[PDB]
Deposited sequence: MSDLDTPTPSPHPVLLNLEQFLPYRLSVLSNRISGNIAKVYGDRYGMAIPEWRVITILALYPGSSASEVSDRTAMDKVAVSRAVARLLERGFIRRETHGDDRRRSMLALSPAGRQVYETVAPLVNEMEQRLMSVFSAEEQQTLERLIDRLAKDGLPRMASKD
């Protein structure tokens, strides 16, 4: 029987965005992955706690829209490693902050290279279109 294609993925925005994001995150992980035996979600928790000390795992999942189970798993692993600490409320430990301060600079550098293929105007345009999708596009989906 014929198998009708109903979603042409390669030209489907949600797919295109998820794939690109996966590749970007994968590239950034080359900076800390093997060096610290750290997973992508674990690094994300670290960056979040640096900006928002005292956040709960629930809030981390909320703001990033990440799977709650994945977030809880990352938090559990970071706690076992002593990179974050509780008071519930979570925060970076001095050991986690040392990792953060060592990795962050390198990640910023890589992001700079990524965006260097865009002119100032193009960069502004992208951020503008992204903001529009987030603010006015998302609520129209339900």
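Missing C-alpha coordinates mark the following deposited-sequence intervals, in order: 1 to 9, 97 to 104, 160 to 162.
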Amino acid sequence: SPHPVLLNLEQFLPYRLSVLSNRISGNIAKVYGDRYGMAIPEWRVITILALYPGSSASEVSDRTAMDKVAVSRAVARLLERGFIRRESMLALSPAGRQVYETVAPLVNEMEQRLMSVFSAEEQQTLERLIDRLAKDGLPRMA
From here on, numbers count along this sequence of modelled residues.
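Two stretches are in play, 101 to 109 and 41 to 49, and the higher mean C-alpha B-factor belongs to 101 to 109.
Legend: mean Cα B-factor per stretch from the PDB entry, 21 to 29 versus 125 to 133; the higher mean is in 125 to 133. Comparing the C-alpha B-factors of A95, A57, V69, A76 in the entry, the top value falls on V69. Residue-level temperature factors show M115 in the middle third of its chain, judged at the C-alpha atom.
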